[PDB]
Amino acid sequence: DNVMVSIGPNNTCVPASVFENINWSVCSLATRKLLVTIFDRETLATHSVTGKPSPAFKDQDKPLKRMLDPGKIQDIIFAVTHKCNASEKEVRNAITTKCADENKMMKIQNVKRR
């Protein structure tokens, strides 16, 4: 059987095969694995943790990214903080970085498309 594991109070799930194979000793890698299991790469590339614009590029024409599903993010934070003993801030920083990483990859694939 392919058993789904509930990772937090909002019942966001990942397969047991994924959950049991996460290295919970490295916060950032655990967070990245959950993210690519729960969200498609396109979502990660076009969304952010908070949905707020960067203060450093105010009055510009950068796309405004919407926030990732808050209930799913809350569950990821729940799981990683309880299993890695990291702070919520540490988990959120890993999500910010992963979203930025996926955005970079999307920009590359768009260049190919022309």
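Just count from 1 along the sequence shown to find any residue number.
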Can you tell me whether 51-59 has a higher mean C-alpha B factor than 77-85 in this record, or the other way round?
51-59
Tell me which of 3-11 and 105-113 has the higher mean C-alpha B-factor in the deposited entry.
105-113
Top Cα B factor in the deposited entry, candidates 35, 64, 29, 45:
64
Report the third (lowest, middle or highest) to which the CA temperature factor of residue 21 belongs, ranking only the modelled residues of the same chain.
middle
